[PDB]
Structures are given as C-alpha cells and as structure tokens.
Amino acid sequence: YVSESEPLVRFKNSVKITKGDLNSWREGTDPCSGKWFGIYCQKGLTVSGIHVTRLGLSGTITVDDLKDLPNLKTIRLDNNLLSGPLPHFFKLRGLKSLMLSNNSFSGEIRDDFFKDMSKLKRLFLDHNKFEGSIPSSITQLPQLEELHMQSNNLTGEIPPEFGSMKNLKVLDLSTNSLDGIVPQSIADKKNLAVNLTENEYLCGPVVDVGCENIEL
C-alpha cells in the first residue's frame, strides 16, 4: 500500500548506508509495485518483508518506524556493518523471521529479550559478537523452528529447555565457547538437526566427548 511508503522512508532515513543506496524507496509510491529494492509483499498488496543486505549498513537499527507496518513479518539485515547491542526487535510482536547474520552486534542479550515475540519462527543471530549466556527467553518461543547463533562469543551452559521446543528443527550453536554438558533433552530430540561443534569445553553425547578429565 502507498501508505506503507511513509514508515519505510523514515526507516531508510534512520539508517546509514555505506555501500549503495535506497533511492528506489520513493515516498508516495506503493512499496509493493516491484520497483522497491528489498521489499516483499503479501499477494502484492501489503509489505510483509524487508531484505536490506550487503549495503554496508552502519551504526544501529531502531524499530519505532518499522512498527507502523501492520503486516511486516520478515526482517533480513544480513551482511552489513551494524554494531552495538541487539536492537529492540521485541517491539515487533508479530514478527515471524529475524535475520541478522554477519554483522558486528555485541553484548550479552538480555535474558528476557524474546518474551514478547510469540510468533517468531526463524532466528538468525550467527556471525556476530554476542557474548555471555544464551538468553533463556529463546527457549520460550512457542513457534521457533530454526535458531542459528553460530560464530559468536557465547559462554556458559546450553539451556536444557531447548529439548522441549515442539517446533524446533534446526539448532546451530557451533563456534562459541559454550561449556558444561550437552543436555540429554537435546541429544534425544527427534527430527532435530543440531550443530554444537567447536565449543571447546562442552562435553557429552552430541559432541562425542567424554566428560571425564583423564589425569594421565
């Protein structure tokens, strides 16, 4: 819809693009025409997804304008230069897919970050610089099907509550410094593709590592 051009133009003007432009985002035109870079629309009627990748987006992201798009379900900002703590995507309670792969977001994600995002199906946080523990609210996402957090700086144990996530089919936590013992609930989960490799001090079933310290 033409009305959806107004929040999108504000979003465009809130981000710093260092490799490219969003000149196609022209106020007063319909973002669903086919002429707008990186816009997906439901049935060609209403904005449902924003895919702004490889534009060297720099600084942070705010969601106060994106929240004015009633039917927005997907955000993909992969392969940019964004930094700082995770932006407040939890204000977009209807979001179904969040992809932030290959940026420089940092910090420990607040444990309750994901509490309001009940519709989230896909969460890609890989290849960033997140630190600290996996936020416990991620395991409370009723609809989550895929979690990718590989290539970060995470530490601490893997929450066993991943094993109770009914819809979870892909779990990539590799290349971090997670530790402790792999939860049996994850090892036993049927129809799960899980990758826990390159977590040096993690032991147990899925990583094929005996926990016992051999003192030689």
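Residue indices: 1-based, along the sequence shown.
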query: Of 64 to 72 and 171 to 179, the stretch whose C-alpha atoms average the higher B-factor in the entry; finding: 64 to 72
query: Residue range whose averaged C-alpha B-factor is higher in the record, 113 to 121 or 96 to 104; finding: 113 to 121
query: Modelled-residue ranking by C-alpha temperature factor, third containing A193; finding: highest
query: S136 CA temperature factor, ranked by third within the chain; finding: highest
query: Third of the chain's Cα B-factor distribution that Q143 belongs to, per the entry; finding: highest
query: For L22, the third of its chain into which the C-alpha B factor falls; finding: middle
query: Position of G156 among the chain's modelled residues by C-alpha B-factor, lowest, middle or highest third; finding: lowest
